[PDB]
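S.K.: Next comes my_file_19.pdb, PDB, C-alpha atoms:
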```
ATOM      1  CA  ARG A 608      15.319   2.984 -10.648  1.00  0.00           C
ATOM      2  CA  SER A 609      13.444   2.221  -7.415  1.00  0.00           C
ATOM      3  CA  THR A 610       9.941   3.490  -6.636  1.00  0.00           C
ATOM      4  CA  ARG A 611       9.170   7.072  -5.653  1.00  0.00           C
ATOM      5  CA  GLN A 612       7.949   5.795  -2.278  1.00  0.00           C
ATOM      6  CA  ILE A 613      11.212   3.979  -1.574  1.00  0.00           C
ATOM      7  CA  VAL A 614      13.311   6.937  -2.743  1.00  0.00           C
ATOM      8  CA  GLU A 615      11.413   9.354  -0.484  1.00  0.00           C
ATOM      9  CA  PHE A 616      11.648   7.043   2.549  1.00  0.00           C
ATOM     10  CA  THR A 617      15.384   6.528   2.098  1.00  0.00           C
ATOM     11  CA  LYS A 618      16.146  10.200   1.381  1.00  0.00           C
ATOM     12  CA  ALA A 619      14.491  11.098   4.703  1.00  0.00           C
ATOM     13  CA  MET A 620      17.082   8.907   6.434  1.00  0.00           C
ATOM     14  CA  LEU A 621      19.894  11.267   5.342  1.00  0.00           C
ATOM     15  CA  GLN A 622      18.668  14.249   7.379  1.00  0.00           C
ATOM     16  CA  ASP A 623      22.310  14.769   8.435  1.00  0.00           C
ATOM     17  CA  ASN A 631       9.772   7.815 -10.269  1.00  0.00           C
ATOM     18  CA  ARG A 632       7.685   4.684 -10.768  1.00  0.00           C
ATOM     19  CA  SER A 633       5.066   4.027  -8.096  1.00  0.00           C
ATOM     20  CA  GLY A 634       4.814   1.126  -5.658  1.00  0.00           C
ATOM     21  CA  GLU A 635       3.586   0.110  -2.226  1.00  0.00           C
ATOM     22  CA  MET A 636       4.583   2.152   0.807  1.00  0.00           C
ATOM     23  CA  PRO A 637       7.659   0.988   2.756  1.00  0.00           C
ATOM     24  CA  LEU A 638       6.660  -1.104   5.771  1.00  0.00           C
ATOM     25  CA  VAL A 639       8.124  -0.687   9.283  1.00  0.00           C
ATOM     26  CA  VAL A 640       7.539  -3.594  11.691  1.00  0.00           C
ATOM     27  CA  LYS A 641       8.163  -3.615  15.453  1.00  0.00           C
ATOM     28  CA  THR A 642       9.020  -6.936  17.112  1.00  0.00           C
ATOM     29  CA  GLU A 643      10.001  -8.132  20.602  1.00  0.00           C
ATOM     30  CA  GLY A 644      13.001 -10.368  19.929  1.00  0.00           C
ATOM     31  CA  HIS A 645      14.947 -12.252  17.292  1.00  0.00           C
ATOM     32  CA  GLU A 646      12.510 -15.206  17.303  1.00  0.00           C
ATOM     33  CA  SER A 647       9.367 -13.132  16.808  1.00  0.00           C
ATOM     34  CA  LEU A 648      11.342 -11.070  14.291  1.00  0.00           C
ATOM     35  CA  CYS A 649      12.235 -14.142  12.237  1.00  0.00           C
ATOM     36  CA  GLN A 650       8.644 -15.419  12.395  1.00  0.00           C
ATOM     37  CA  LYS A 651       7.217 -12.151  11.082  1.00  0.00           C
ATOM     38  CA  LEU A 652       9.972 -11.934   8.469  1.00  0.00           C
ATOM     39  CA  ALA A 653       8.995 -15.409   7.267  1.00  0.00           C
ATOM     40  CA  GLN A 654       5.332 -14.404   6.993  1.00  0.00           C
ATOM     41  CA  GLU A 655       6.193 -11.258   5.052  1.00  0.00           C
ATOM     42  CA  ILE A 656       8.405 -13.282   2.690  1.00  0.00           C
ATOM     43  CA  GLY A 657       5.446 -15.555   1.946  1.00  0.00           C
ATOM     44  CA  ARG A 658       3.267 -12.534   1.238  1.00  0.00           C
ATOM     45  CA  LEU A 659       5.876 -10.931  -1.037  1.00  0.00           C
ATOM     46  CA  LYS A 660       6.416 -14.170  -2.970  1.00  0.00           C
ATOM     47  CA  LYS A 661       2.693 -14.545  -3.630  1.00  0.00           C
ATOM     48  CA  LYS A 662       2.576 -10.971  -4.982  1.00  0.00           C
ATOM     49  CA  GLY A 663       5.324 -11.693  -7.529  1.00  0.00           C
ATOM     50  CA  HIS A 664       8.597 -10.639  -5.903  1.00  0.00           C
ATOM     51  CA  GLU A 665      11.273 -13.047  -7.156  1.00  0.00           C
ATOM     52  CA  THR A 666      14.476 -11.645  -5.629  1.00  0.00           C
ATOM     53  CA  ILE A 667      14.109 -11.058  -1.906  1.00  0.00           C
ATOM     54  CA  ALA A 668      16.932 -10.018   0.436  1.00  0.00           C
ATOM     55  CA  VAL A 669      16.973 -10.061   4.217  1.00  0.00           C
ATOM     56  CA  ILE A 670      19.823  -7.598   4.707  1.00  0.00           C
ATOM     57  CA  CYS A 671      21.885  -7.698   7.888  1.00  0.00           C
ATOM     58  CA  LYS A 672      24.496  -5.252   9.087  1.00  0.00           C
ATOM     59  CA  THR A 673      27.466  -7.643   9.254  1.00  0.00           C
ATOM     60  CA  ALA A 674      28.470 -11.135   8.166  1.00  0.00           C
ATOM     61  CA  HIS A 675      28.298 -12.222  11.810  1.00  0.00           C
ATOM     62  CA  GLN A 676      24.689 -11.021  12.072  1.00  0.00           C
ATOM     63  CA  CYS A 677      23.943 -12.849   8.808  1.00  0.00           C
ATOM     64  CA  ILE A 678      24.876 -16.176  10.352  1.00  0.00           C
ATOM     65  CA  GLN A 679      22.553 -15.660  13.330  1.00  0.00           C
ATOM     66  CA  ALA A 680      19.745 -14.358  11.101  1.00  0.00           C
ATOM     67  CA  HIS A 681      20.122 -17.258   8.664  1.00  0.00           C
ATOM     68  CA  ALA A 682      20.087 -19.835  11.469  1.00  0.00           C
ATOM     69  CA  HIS A 683      16.973 -18.382  13.092  1.00  0.00           C
ATOM     70  CA  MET A 684      15.130 -17.730   9.790  1.00  0.00           C
ATOM     71  CA  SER A 685      15.825 -21.311   8.752  1.00  0.00           C
ATOM     72  CA  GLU A 686      13.461 -22.370  11.561  1.00  0.00           C
ATOM     73  CA  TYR A 687      10.543 -20.855   9.600  1.00  0.00           C
ATOM     74  CA  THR A 688      11.459 -20.846   5.891  1.00  0.00           C
ATOM     75  CA  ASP A 689      14.214 -21.774   3.465  1.00  0.00           C
ATOM     76  CA  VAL A 690      16.766 -19.018   2.903  1.00  0.00           C
ATOM     77  CA  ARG A 691      20.078 -18.860   1.064  1.00  0.00           C
ATOM     78  CA  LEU A 692      23.057 -17.509   3.017  1.00  0.00           C
ATOM     79  CA  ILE A 693      25.175 -15.074   1.007  1.00  0.00           C
ATOM     80  CA  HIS A 694      28.660 -15.005   2.488  1.00  0.00           C
ATOM     81  CA  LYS A 695      31.159 -14.561  -0.376  1.00  0.00           C
ATOM     82  CA  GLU A 696      31.351 -12.503  -3.535  1.00  0.00           C
ATOM     83  CA  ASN A 697      31.367 -15.309  -6.121  1.00  0.00           C
ATOM     84  CA  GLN A 698      27.912 -16.667  -5.204  1.00  0.00           C
ATOM     85  CA  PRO A 699      25.677 -16.228  -8.277  1.00  0.00           C
ATOM     86  CA  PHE A 700      22.704 -13.881  -8.307  1.00  0.00           C
ATOM     87  CA  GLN A 701      19.577 -16.056  -8.505  1.00  0.00           C
ATOM     88  CA  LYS A 702      15.862 -15.815  -7.869  1.00  0.00           C
ATOM     89  CA  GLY A 703      14.623 -16.641  -4.366  1.00  0.00           C
ATOM     90  CA  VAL A 704      15.193 -15.519  -0.770  1.00  0.00           C
ATOM     91  CA  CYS A 705      18.658 -14.770   0.636  1.00  0.00           C
ATOM     92  CA  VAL A 706      20.262 -13.498   3.823  1.00  0.00           C
ATOM     93  CA  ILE A 707      23.058 -11.076   2.937  1.00  0.00           C
ATOM     94  CA  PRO A 708      25.254  -8.457   4.697  1.00  0.00           C
ATOM     95  CA  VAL A 709      25.200  -4.822   3.582  1.00  0.00           C
ATOM     96  CA  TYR A 710      28.748  -4.933   2.195  1.00  0.00           C
ATOM     97  CA  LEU A 711      27.897  -7.838  -0.138  1.00  0.00           C
ATOM     98  CA  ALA A 712      24.538  -6.311  -1.126  1.00  0.00           C
ATOM     99  CA  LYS A 713      26.107  -3.001  -2.238  1.00  0.00           C
ATOM    100  CA  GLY A 714      25.192  -2.327  -5.835  1.00  0.00           C
ATOM    101  CA  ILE A 715      22.865  -5.324  -6.157  1.00  0.00           C
ATOM    102  CA  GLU A 716      19.173  -4.621  -6.788  1.00  0.00           C
ATOM    103  CA  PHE A 717      16.386  -6.789  -5.358  1.00  0.00           C
ATOM    104  CA  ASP A 718      12.639  -6.755  -5.960  1.00  0.00           C
ATOM    105  CA  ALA A 719      12.178  -6.630  -2.185  1.00  0.00           C
ATOM    106  CA  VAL A 720      14.437  -5.854   0.794  1.00  0.00           C
ATOM    107  CA  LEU A 721      13.618  -6.737   4.409  1.00  0.00           C
ATOM    108  CA  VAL A 722      16.079  -4.974   6.716  1.00  0.00           C
ATOM    109  CA  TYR A 723      16.912  -7.306   9.614  1.00  0.00           C
ATOM    110  CA  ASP A 724      16.694  -5.631  13.052  1.00  0.00           C
ATOM    111  CA  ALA A 725      17.066  -1.926  12.345  1.00  0.00           C
ATOM    112  CA  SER A 726      17.249  -1.157  16.054  1.00  0.00           C
ATOM    113  CA  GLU A 727      18.965   1.732  17.770  1.00  0.00           C
ATOM    114  CA  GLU A 728      21.498  -0.778  19.129  1.00  0.00           C
ATOM    115  CA  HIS A 729      22.476  -1.834  15.602  1.00  0.00           C
ATOM    116  CA  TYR A 730      22.138   1.490  13.726  1.00  0.00           C
ATOM    117  CA  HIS A 731      23.078   4.672  15.603  1.00  0.00           C
ATOM    118  CA  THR A 732      26.457   5.942  14.333  1.00  0.00           C
ATOM    119  CA  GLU A 733      26.978   7.943  11.166  1.00  0.00           C
ATOM    120  CA  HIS A 734      28.731   4.863   9.781  1.00  0.00           C
ATOM    121  CA  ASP A 735      25.594   2.874  10.666  1.00  0.00           C
ATOM    122  CA  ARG A 736      23.462   5.469   8.863  1.00  0.00           C
ATOM    123  CA  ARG A 737      25.397   4.948   5.625  1.00  0.00           C
ATOM    124  CA  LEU A 738      24.976   1.172   6.027  1.00  0.00           C
ATOM    125  CA  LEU A 739      21.229   1.458   6.672  1.00  0.00           C
ATOM    126  CA  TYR A 740      20.790   3.778   3.694  1.00  0.00           C
ATOM    127  CA  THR A 741      22.763   1.390   1.483  1.00  0.00           C
ATOM    128  CA  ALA A 742      20.608  -1.543   2.590  1.00  0.00           C
ATOM    129  CA  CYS A 743      17.285   0.231   1.993  1.00  0.00           C
ATOM    130  CA  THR A 744      18.239   1.548  -1.453  1.00  0.00           C
ATOM    131  CA  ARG A 745      18.766  -1.983  -2.794  1.00  0.00           C
ATOM    132  CA  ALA A 746      14.971  -2.374  -2.885  1.00  0.00           C
ATOM    133  CA  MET A 747      13.402  -1.833  -6.302  1.00  0.00           C
ATOM    134  CA  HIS A 748       9.715  -2.571  -5.601  1.00  0.00           C
ATOM    135  CA  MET A 749       9.158  -3.253  -1.890  1.00  0.00           C
ATOM    136  CA  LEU A 750      11.015  -2.186   1.248  1.00  0.00           C
ATOM    137  CA  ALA A 751      10.294  -3.478   4.750  1.00  0.00           C
ATOM    138  CA  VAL A 752      12.228  -2.386   7.847  1.00  0.00           C
ATOM    139  CA  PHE A 753      11.977  -4.775  10.814  1.00  0.00           C
ATOM    140  CA  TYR A 754      13.418  -4.080  14.258  1.00  0.00           C
ATOM    141  CA  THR A 755      13.449  -5.506  17.771  1.00  0.00           C
ATOM    142  CA  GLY A 756      13.041  -3.369  20.860  1.00  0.00           C
ATOM    143  CA  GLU A 757      13.701   0.277  20.031  1.00  0.00           C
ATOM    144  CA  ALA A 758      13.916   1.494  16.424  1.00  0.00           C
ATOM    145  CA  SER A 759      17.063   3.054  14.995  1.00  0.00           C
ATOM    146  CA  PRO A 760      17.049   6.862  15.373  1.00  0.00           C
ATOM    147  CA  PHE A 761      17.320   7.014  11.583  1.00  0.00           C
ATOM    148  CA  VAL A 762      13.988   5.167  11.273  1.00  0.00           C
ATOM    149  CA  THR A 763      12.183   7.111  14.024  1.00  0.00           C
ATOM    150  CA  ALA A 764      13.283  10.309  12.270  1.00  0.00           C
ATOM    151  CA  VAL A 765      11.458   9.449   9.036  1.00  0.00           C
ATOM    152  CA  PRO A 766       8.180  11.417   8.720  1.00  0.00           C
ATOM    153  CA  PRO A 767       5.464   8.843   9.483  1.00  0.00           C
ATOM    154  CA  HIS A 768       3.477   9.549   6.309  1.00  0.00           C
ATOM    155  CA  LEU A 769       6.332   8.006   4.304  1.00  0.00           C
ATOM    156  CA  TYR A 770       5.623   4.474   5.539  1.00  0.00           C
ATOM    157  CA  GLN A 771       2.945   2.090   6.798  1.00  0.00           C
ATOM    158  CA  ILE A 772       3.070   0.071  10.009  1.00  0.00           C
ATOM    159  CA  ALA A 773       2.525  -3.579  10.882  1.00  0.00           C
TER
END
```
Take the structure in the file and write it out as structure tokens.

M.R.:
Amino acid sequence: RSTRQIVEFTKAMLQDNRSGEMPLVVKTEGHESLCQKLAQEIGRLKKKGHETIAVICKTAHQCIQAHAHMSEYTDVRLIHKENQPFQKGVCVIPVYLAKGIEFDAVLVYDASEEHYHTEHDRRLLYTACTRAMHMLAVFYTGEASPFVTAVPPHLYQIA
């Protein structure tokens, strides 16, 4: 139900039909520059018509940090419990609460090798990226997750 480009990107992460824009991978220096560039990309995606936009973090604890820092640049809804209603707009949400929800656009928060390197992490990263129906962006600080670096570079564009 996602785009061919998103399906091919995410399939390539598991090394161990509609069309859309290429997944975007974005390198950043630190959580503050990360949150700034996330905020800019959210503004771009809103203008292009995305109505449900998820910044997906690995854990609830990371969500709180992400939400606090993103709030410096834009307004974002923190998703922290199951009974929060699905609505249009921008949210910060952990993988385990995003499971089986579909968003127009997903921005993966800090897909670094520090945060995503175990096989458990691989399942979490895959789950996060497959929530995206129309646009996927993968942001990271420092060094990218091995599961991102492993994706053939023709399957994504860089910023």

S.K.: I'd like the contact shell of residue A:689 - 10 Å cut-off, all atoms listed in the file, skipping same-chain residues fewer than 6 positions apart - returned as a ChimeraX atom specification.

M.R.: /A:653,681,703-705

S.K.: Please determine an axis-aligned box that encloses all atoms of stretch 679-687 of chain A listed in the file, with 4 Å added on each side, and express its centre and edge lengths in Å to one decimal as lines of an AutoDock Vina configuration file.

M.R.:
```
center_x = 16.5
center_y = -18.4
center_z = 11.0
size_x = 20.0
size_y = 16.0
size_z = 12.7
```

S.K.: What would the selection look like, as a ChimeraX atom specification, if the PyMOL selection byres ((chain A and resi 761) around 10) were run on the coordinates I just shared?

M.R.: /A:617,619-623,725-727,730-733,735-736,739-740,758-760,762-765

S.K.: Limited to C-alpha atoms, could you put the picked residues into a file as a compact mmCIF listing (two decimals), in the frame of the given file?

M.R.:
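out.txt, written as the output of this step:
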```txt
# COMPACT_ATOMS: atom_id res chain seq x y z
CA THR A 617 15.38 6.53 2.10
CA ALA A 619 14.49 11.10 4.70
CA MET A 620 17.08 8.91 6.43
CA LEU A 621 19.89 11.27 5.34
CA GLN A 622 18.67 14.25 7.38
CA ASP A 623 22.31 14.77 8.44
CA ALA A 725 17.07 -1.93 12.34
CA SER A 726 17.25 -1.16 16.05
CA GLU A 727 18.96 1.73 17.77
CA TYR A 730 22.14 1.49 13.73
CA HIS A 731 23.08 4.67 15.60
CA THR A 732 26.46 5.94 14.33
CA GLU A 733 26.98 7.94 11.17
CA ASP A 735 25.59 2.87 10.67
CA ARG A 736 23.46 5.47 8.86
CA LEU A 739 21.23 1.46 6.67
CA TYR A 740 20.79 3.78 3.69
CA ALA A 758 13.92 1.49 16.42
CA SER A 759 17.06 3.05 15.00
CA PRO A 760 17.05 6.86 15.37
CA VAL A 762 13.99 5.17 11.27
CA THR A 763 12.18 7.11 14.02
CA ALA A 764 13.28 10.31 12.27
CA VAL A 765 11.46 9.45 9.04
```

S.K.: Atom CA of residue A:675 and atom CA of residue A:756, how far apart in Å?

M.R.: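 Computing the Euclidean distance for atom CA of residue A:756 and atom CA of residue A:675 yields 19.8 Å.
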
S.K.: Take atom CA of residue A:694 and atom CA of residue A:741 and report the distance between them in Å, one decimal.

M.R.: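 These atoms are spaced 17.5 Å apart.
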
S.K.: May I ask for the distance between atom CA of residue A:658 and atom CA of residue A:690, given in Å to one decimal place?

M.R.: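 The value is 15.1 Å.
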